[PDB]
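Chains as they are written, first to last, in the deposited numbering: chain A, 1 to 299; chain B, 1 to 300; chain B', 1 to 300; chain A', 1 to 299; chain A'', 1 to 299; chain B'', 1 to 300. A prime marks a further copy of an entry chain. All C-beta atoms in this analysis are idealised placements derived from N, C-alpha and C, irrespective of residue type, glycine included.
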Amino acid sequence: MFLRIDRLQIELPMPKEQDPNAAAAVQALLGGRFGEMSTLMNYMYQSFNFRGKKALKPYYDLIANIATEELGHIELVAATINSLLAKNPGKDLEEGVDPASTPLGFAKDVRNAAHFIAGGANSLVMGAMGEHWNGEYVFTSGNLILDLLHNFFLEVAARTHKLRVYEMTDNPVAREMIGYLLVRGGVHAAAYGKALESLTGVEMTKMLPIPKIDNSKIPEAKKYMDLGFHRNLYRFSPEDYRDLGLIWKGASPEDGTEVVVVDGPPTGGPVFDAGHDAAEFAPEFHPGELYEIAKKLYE
Amino acid sequence: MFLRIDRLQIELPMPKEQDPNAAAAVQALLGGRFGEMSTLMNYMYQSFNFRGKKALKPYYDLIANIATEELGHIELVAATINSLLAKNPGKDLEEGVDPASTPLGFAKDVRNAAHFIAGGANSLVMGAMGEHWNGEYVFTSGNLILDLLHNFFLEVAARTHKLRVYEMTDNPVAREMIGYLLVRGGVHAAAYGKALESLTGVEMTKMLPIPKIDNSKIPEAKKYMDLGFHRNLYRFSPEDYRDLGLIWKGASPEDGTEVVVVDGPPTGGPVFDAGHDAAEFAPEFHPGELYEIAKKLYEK
Amino acid sequence: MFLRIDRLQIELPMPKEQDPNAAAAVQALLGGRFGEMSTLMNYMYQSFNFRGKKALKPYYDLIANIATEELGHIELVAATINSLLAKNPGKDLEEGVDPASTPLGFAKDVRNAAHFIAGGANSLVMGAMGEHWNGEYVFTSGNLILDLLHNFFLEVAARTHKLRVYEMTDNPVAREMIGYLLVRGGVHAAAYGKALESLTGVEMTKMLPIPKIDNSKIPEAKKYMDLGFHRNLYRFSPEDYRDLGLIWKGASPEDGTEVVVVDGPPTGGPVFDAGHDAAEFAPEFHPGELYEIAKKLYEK
Amino acid sequence: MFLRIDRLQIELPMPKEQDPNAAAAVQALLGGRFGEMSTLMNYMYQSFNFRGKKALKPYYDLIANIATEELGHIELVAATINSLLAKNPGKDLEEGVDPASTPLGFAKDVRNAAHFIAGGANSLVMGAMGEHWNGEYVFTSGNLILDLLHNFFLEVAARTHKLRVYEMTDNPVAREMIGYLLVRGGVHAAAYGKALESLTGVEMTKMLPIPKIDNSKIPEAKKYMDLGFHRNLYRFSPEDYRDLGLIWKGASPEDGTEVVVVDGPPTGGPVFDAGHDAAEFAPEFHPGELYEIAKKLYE
Amino acid sequence: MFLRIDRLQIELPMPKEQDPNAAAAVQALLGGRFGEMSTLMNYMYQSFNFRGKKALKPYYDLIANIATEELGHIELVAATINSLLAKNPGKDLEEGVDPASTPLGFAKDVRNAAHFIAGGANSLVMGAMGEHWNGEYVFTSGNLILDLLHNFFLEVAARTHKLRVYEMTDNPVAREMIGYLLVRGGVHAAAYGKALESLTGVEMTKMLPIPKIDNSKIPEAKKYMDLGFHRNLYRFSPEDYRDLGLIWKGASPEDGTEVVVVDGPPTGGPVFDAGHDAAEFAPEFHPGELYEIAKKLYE
Amino acid sequence: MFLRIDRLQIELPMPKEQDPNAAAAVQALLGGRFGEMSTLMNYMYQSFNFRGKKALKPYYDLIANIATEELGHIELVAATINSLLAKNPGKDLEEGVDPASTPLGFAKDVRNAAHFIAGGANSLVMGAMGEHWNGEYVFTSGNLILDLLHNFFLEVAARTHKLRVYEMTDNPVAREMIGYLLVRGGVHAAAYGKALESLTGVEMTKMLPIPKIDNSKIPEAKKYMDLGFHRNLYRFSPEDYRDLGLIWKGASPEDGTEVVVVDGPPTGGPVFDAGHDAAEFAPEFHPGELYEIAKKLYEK
Ligand SMILES: [Mn+3]
Ligand SMILES: [Mn+3]
Ligand SMILES: [Mn+3]
Ligand SMILES: [Mn+3]
Ligand SMILES: [Mn+3]
Ligand SMILES: [Mn+3]
Ligand SMILES: [Mn+3]
Ligand SMILES: [Mn+3]
Ligand SMILES: [Mn+3]
Ligand SMILES: [Mn+3]
Ligand SMILES: [Mn+3]
Ligand SMILES: [Mn+3]
Ligand SMILES: [O]
Ligand SMILES: [O]
Ligand SMILES: [O]
Ligand SMILES: [O]
Ligand SMILES: [O]
Ligand SMILES: [O]
Ligand SMILES: [O]
Ligand SMILES: [O]
Ligand SMILES: [O]
Ligand SMILES: [O]
Ligand SMILES: [O]
Ligand SMILES: [O]
Ligand SMILES: [O]
Ligand SMILES: [O]
Ligand SMILES: [O]
Ligand SMILES: [O]
Ligand SMILES: [O]
Ligand SMILES: [O]
């Protein structure tokens with residue numbers, strides 16, 4: 001079972017302007033083959049399907065816990081996309097939009113028209129080409145070593161996509177999110193590498209980083225490393241998955257320092273609200289009446 | 001952000017027999033168009049994409065919270081499929097399996113060969129025809145009324161699929177899960193109906209049940225209604241989403257009794273472990289050495 | 001614009017037995033790559049997209065008219081599938097079905113479980129592997145000769161699929177439909193062949209039949225040829241598409257006799273009603289109340 | 001069975017210039033999830049699969065007849081797309097196009113290159129992202145109330161897509177078509193709402209409009225309402241489906257006026273011919289010889 | 001079984017500048033429905049599945065040999081796409097690229113972002129809309145006449161796509177490749193047409209060309225015709241498939257001259273190397289160390 | 001550019017019986033996610049897309065050469081499927097088949113009806129659920145280390161699928177092919193492991209075998225190891241890719257013996273011909289006339 005906390009894993013800066021094509025590129029990190037939907041659903045199904053949950057408990061705890069962190073990653077990437085598509089962030093009411101004045105004319109010429117037609121200028125479950133995420137992006141073989149090898153590859157392939165998207169947009173909301181997730185992805189790759197070392201004797205973490213560029217060369221990632229976040233494996237559970245530290249110990253591949261298990265989630269930051277976009281009819285064309293109904297429910 | 005508890009939402013009975021084609025039908029309720037992956041991902045993305053999170057807070061809390069419940073529903077359906085596919089449930093070691101003796105011969109003739117080739121006799125992210133779940137099963141329009149109307153429909157279409165699968169298998173593990181999820185789906189359809197009533201004045205809950213058969217006629221659902229679970233909207237959050245009761249109030253469509261918000265999750269039941277299946281190499285062909293490595297991690 | 005007549009293009013025999021796997025194979029002829037949805041949608045979009053509607057009028061009339069015939073072919077194939085899936089054909093009410101008695105147990109083991117879970121034991125828009133029909137099965141290049149060459153191929157590939165399905169089931173409902181559509185497909189292949197002959201001088205009709213087996217060797221097709229239906233290109237329009245006979249003239253490839261344009265549709269046969277299937281909740285679990293509401297609409 | 005009339009459901013204005021990206025957006029209303037292919041094929045298959053065709057005849061007549069109207073809607077949307085892609089509308093012959101002069105250079109940079117490579121600058125069976133229409137967009141459950149609830153939702157979701165596309169293009173051919181189909185979609189949603197009211201007692205039409213913007217605020221839709229088209233359910237059959245008026249009666253949700261069944265189709269307008277586009281080889285590179293062959297067939 | 005020669009079927013000119021949208025269009029000729037993956041895989045599977053390999057040997061030889069030529073065609077189209085995407089062709093090392101300077105900013109706005117995110121600015125197995133090539137583009141019925149009729153259609157449909165893409169780009173690398181493949185596709189269509197003539201008596205080659213524009217009107221194709229390449233069916237095998245000349249004989253549909261079987265492959269041209277693209281991390285962010293490792297392997 | 005030799009990479013045994021559901025499972029090894037189409041197309045496109053073809057020549061030669069071997073692997077798997085589907089292997093003519101006698105009746109109930117409807121009882125480009133192979137199964141990142149890590153994983157995942165299919169069928173044609181390809185896949189995984197060792201210093205070959213079962217425990221694989229085929233990396237090129245031995249050197253992970261580069265392809269075995277199947281119209285309903293036309297081409 002799961003619980004939800006109404007906070008993003010980090011504070012994101014507010015967007016300054018809409019950037020549809022940047023949002024279309026960041027979609028690769030949500031619903032593309034190596035996006036956060038893929039890391040999430042791989043680890044989630046592997047955790048359900050895991051055989052030997054007590055006999056191999058440290059490895060089960062690792063996969064089950066990292067799966068839970070990835071729920072917050074899809075949330076963070078979606079918030080970033082929604083920030084890049086928000087017309088009036090934090091504003092509950094915009095008046096005077098006339099459909100006959102062609103208020104979505106700009107959207108005719110952007111890469112991803114579905115953001116504006118199918119979504120209400122919001123994230124969709126797709127990648128950078130409009131390809132919808134699909135369940136064949138999940139690998140759940142039941143064999144522990146094979147699944148772990150897959151997962152090590154998955155995290156470094158996902159890092160490669162993150163780096164390429166970082167190089168396509170200078171938007172600060174996108175770059176803050178990518179910088180943070182580069183650091184978290186390094187933790188995941190190191191954790192799966194340490195798991196493989198323990199089972200096979202092969203020094204998988206010595207292969208990192210892939211590609212051969214250090215996270216410290218990305219300014220936003222370096223800030224999170226200076227805060228220690230490459231050391232931290234957070235235990236996203238009230239009482240379970242306590243044997244993480246049997247695998248998550250020893251040196252960080254980033255800088256040789258000792259890694260730690262943090263009990264509990266980070267404090268994080270506020271959730272994002274894109275505000276009213278009348279031309280998208282979101283949350284309504286004119287939501288004044290709905291706001292009144294909601295206020296009356298409290299009375 | 002999210003937290004995880006290592007418990008299923010209910011206790012499942014232990015499986016007595018492998019039933020591959022029952023597992024292949026139950027996959028409709030996991031990764032088909034109207035399966036639990038669809039209810040989960042619809043409400044999850046709607047909750048991310050929600051505009052007016054404070055100004056429309058009771059409606060946001062509702063969607064965000066039900067999305068969280070659906071995480072435990074994909075977990076429960078996956079455990080059920082895994083139970084139907086398990087050869088040696090709860091047994092850590094089986095010895096003497098020889099690949100050349102054709103130990104997976106039976107799987108040549110079952111509907112879903114992917115369960116045995118791509119999976120290790122385990123759940124996959126697909127429906128009853130092998131079709132993989134896909135993101136176009138999600139509807140996230142940004143318009144509150146339209147999304148809620150979609151969600152009311154989605155829950156009753158999902159109920160229709162659950163009832164049809166229930167009629168295809170008499171396996172007690174599958175029927176226990178379906179009975180419980182019929183009750184929970186009734187709660188969700190009623191909640192979205194009540195939300196629509198509040199916003200539009202249209203008495204959507206008077207349309208229930210769809211199809212026109214009461215949950216009380218399904219014995220495994222009636223068992224859970226007798227314990228009161230059709231009245232409960234659990235708040236799956238330590239501190240957030242506290243305004244659920246502004247919508248989840250009044251009469252249950254099942255029996256006219258007053259519905260309630262429960263703080264926190266249900267007690268639940270234990271997670272399921274399908275045990276060793278050597279022919280699937282799961283968790284390994286012979287996992288003895290891996291078990292020894294894991295034990296040494298504790299000693300160190 | 002289009003009009004509808006509440007009749008099938010032929011009378012079908014009444015089904016005597018449910019045959020799920022026969023229905024799953026006949027789906028190839030509805031929603032597979034070379035099924036009737038493909039012939040329909042190819043000619044429909046080609047007719048929309050046609051350039052030179054007046055200057056090339058005889059060719060436009062041909063494509064626009066055959067597209068209209070294909071609407072009745074998807075209808076006929078769907079009726080055949082529904083006949084193979086019907087539990088109580090023509091019976092409005094079945095009583096005493098209890099979901100807990102596993103009334104759909106047989107469907108756990110059939111090839112196509114979607115017919116029973118997603119459909120109400122009814123046709124779906126898919127082929128014989130459960131693959132859903134898709135728009136990339138349409139070819140609409142805008143080039144007349146290339147489109148006609150495609151269409152000639154499409155009809156003979158579709159014929160090949162029909163013959164193979166015919167060889168898989170001896171069900172009389174399926175074989176009657178296939179026999180009739182073999183004759184109609186021969187007309188369409190001959191028509192597109194004659195069109196290509198007129199434009200290129202290449203004697204495309206001399207390539208027929210493909211495969212090299214005559215329709216007269218299939219008893220149900222021979223029945224319809226004995227009534228003359230291989231000679232007839234029906235004009236499915238009140239007043240339009242009158243220049244068909246500029247292409248549809250001369251000898252039939254079947255038997256050398258002169259072909260004819262018939263104004264208007266054939267007489268046809270009655271539409272099919274699969275009746276009540278309570279386990280599928282179709283049209284309702286117990287439709288008595290709905291039948292009463294419908295009767296009261298007339299009294300009012 | 002079906003019959004065909006060589007007329008569009010309305011007269012469309014002639015296009016002034018090619019607008020490829022507008023055509024790419026309007027494709028959402030043809031082959032996207034909530035396009036006219038979806039309303040068509042949903043009602044068509046529901047009508048085939050309907051159980052109790054005599055016992056529930058008024059409801060069968062409604063679905064079977066609306067399915068037939070939707071055939072004219074795919075035709076109208078295709079004509080609109082073809083108008084937006086037509087280089088020389090109504091011109092049978094253009095001479096002097098040289099392939100080596102790069103006459104399709106502009107198409108390199110448009111959103112939908114398939115319109116120009118796979119089609120001959122013509123409509124395709126796809127949506128606004130190039131996604132091909134697929135049969136899983138059809139819902140045919142066999143349960144009357146569930147199918148009708150789906151269909152009510154389908155029409156208001158489709159209306160939402162129509163409105164968003166309307167806001168992306170000011171092209172008069174697109175706006176005339178959308179204005180007309182907004183009115184027809186309102187009729188369909190009202191008809192399915194009235195059907196649900198009769199079966200369940202739930203006042204579904206009181207939920208309209210969705211989104212909460214009136215069709216009268218869209219100028220092209222208002223013109224068709226002033227002509228009475230929101231009142232009309234046309235019976236698209238010579239002799240069948242005569243019990244429509246048992247459901248299609250009473251007040252229109254738009255303005256409270258009494259609705260009517262019209263016997264027979266509207267008069268409509270002429271079909272569209274995009275003319276010769278030599279660079280697309282459509283209907284041929286130089287069609288002069290083909291035109292001569294066609295003329296000789298008449299002799 | 002197969003053997004490989006490290007040469008392209010023709011020499012391609014070097015690219016002058018990156019042209020992403022031209023590459024995105026040329027993808028139609030690689031992984032679209034009528035691209036070279038389709039001609040390749042159709043003939044390959046037909047050759048595997050062929051019944052009567054000795055009794056119908058001339059027809060088997062034809063299909064099996066043309067399948068082998070198509071392997072070189074996917075190679076040539078991929079090289080063309082890679083040329084259009086290459087930043088520093090023939091340069092093994094570029095230094096001084098900083099990810100934080102947004103070196104892939106231009107890629108945010110191009111049609112195909114996957115070329116830069118999923119690929120390392122390289123070809124992918126997809127068409128002009130980002131649609132991935134799929135196995136349902138193969139037709140392998142087992143019936144010889146039906147498969148040959150399909151294949152004749154396939155080659156002329158593919159020619160139509162080649163011509164339309166030619167008209168979208170004036171890039172010399174693309175036009176050289178298309179000009180050559182127009183000539184080779186004419187050979188294939190003529191060969192399948194001659195095969196059908198021999199089996200059915202229907203004069204299929206009299207239908208060529210489709211569309212009705214001669215290859216001689218395309219300057220790059222005319223050059224290859226002046227070199228005689230429309231006459232040549234190359235036998236791509238050391239010792240097998242020697243009965244080609246029983247079908248590939250008689251007159252060319254292009255100019256009436258006698259066609260010939262050439263024993264063995266053409267000499268061709270060098271393979272293409274796009275060089276280092278640091279922002280794509282291809283072959284590495286900084287490959288100096290990898291180059292040193294490779295040099296030491298020789299010692 | 002490429003050349004073709006009309007030989008399979010090994011001699012296959014002749015089939016004794018049609019086994020449709022075995023063929024449907026073996027399809028996983030052809031057109032599924034981890035089938036031979038995926039190993040082929042991954043290495044083929046990586047070889048096209050390779051940057052630093054001279055500066056990193058040994059690694060280019062490796063990928064370009066293994067891609068060429070994989071062409072013969074799709075050929076071998078297709079021949080195996082065709083063997084399992086062949087009615088009259090090696091027989092050019094069968095007479096007396098009447099379509100109206102339902103000669104494909106058995107195919108109504110098998111898993112993969114497409115083999116008989118869309119194919120002429122022949123291989124298709126799909127996996128074990130009927131899913132068609134697709135281009136997103138290819139990974140071509142341009143980064144050498146990342147691509148090699150992918151390829152090492154791909155070979156061991158493919159091995160896992162081969163072992164599971166081996167356990168589903170005892171058919172000798174399928175098991176001979178699988179035994180040989182287990183040995184060849186071990187060579188490929190070892191080669192990519194050695195390449196990764198050279199570039200990173202990580203001892204990837206020490207992870208093998210995955211799963212933890214040795215090829216020598218599969219009798220048909222052991223047969224080929226006894227002949228030395230696990231030591232051989234064949235150079236499938238007349239004159240190119242000569243620097244393979246800079247990586248393919250040192251110990252075999254199977255048995256510690258020294259591995260070798262062999263110039264040129266193996267001798268191989270004959271290609272397979274499924275013969276005439278009249279009910280599939282393959283190569284024709286009655287191919288006598290076609291055989292006569294072919295013979296006359298030689299006389300002329
Ligand atoms: Mn992550
Ligand atoms: Mn991660
Ligand atoms: Mn649920
Ligand atoms: Mn629910
Ligand atoms: Mn037809
Ligand atoms: Mn036809
Ligand atoms: Mn409509
Ligand atoms: Mn409508
Ligand atoms: Mn080619
Ligand atoms: Mn070719
Ligand atoms: Mn292989
Ligand atoms: Mn391999
Ligand atoms: O991740
Ligand atoms: O991540
Ligand atoms: O991550
Ligand atoms: O759900
Ligand atoms: O559920
Ligand atoms: O649910
Ligand atoms: O057809
Ligand atoms: O047909
Ligand atoms: O047909
Ligand atoms: O519609
Ligand atoms: O519409
Ligand atoms: O509509
Ligand atoms: O080709
Ligand atoms: O080609
Ligand atoms: O070609
Ligand atoms: O492989
Ligand atoms: O392999
Ligand atoms: O392999």
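Item                                                                                                                  : Value
Whole runs of the alpha helix (DSSP H) within the region 174-234 of chain A, excluding any shorter than 4 residues    : 219-226
Bridge-paired residues (DSSP) for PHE2(A'')                                                                           : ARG4(B'')
Close-in-space but distant-in-sequence residues of the same chain around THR257(A) (CB under 8 Å, 5 per side omitted) : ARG231 and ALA251
Beta carbon proximity, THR102(A'') to chain A, threshold 8 Å                                                          : yes
Spatial distance of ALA24(B'') from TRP248(A) (CA atoms)                                                              : 43 Å
Residue interval of the alpha helix (DSSP H) (run including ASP61(B'))                                                : 57-85
Short CB-CB distance (under 8 Å) between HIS230(A) and chain A''                                                      : no
Residues that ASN134(B') bridges to, as DSSP identifies them                                                          : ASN134(A')
One or two residues paired with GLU299(B'') in a DSSP bridge                                                          : Per DSSP, none; premise fails for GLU299(B'').
Cβ-heavy atom distance, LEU124(A'') to ligand 21, below 7 Å                                                           : no
Any non-hydrogen atom of ligand 13 within 7 Å of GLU258(B) CB                                                         : no
Any non-hydrogen atom of ligand 1 closer than 7 Å to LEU181(A) Cβ                                                     : yes
Helix, strand or coil at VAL261(B'') according to DSSP, with G and I counted as helix                                 : strand
Residues in the region 120-136 of chain A having any Cβ partner in chain B nearer than 8 Å                            : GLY120, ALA121, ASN122, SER123, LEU124, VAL125, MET126, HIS132, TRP133, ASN134, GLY135 and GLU136
Contact test: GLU69(B'') Cβ vs ligand 3 heavy atom, cutoff 7 Å                                                        : no
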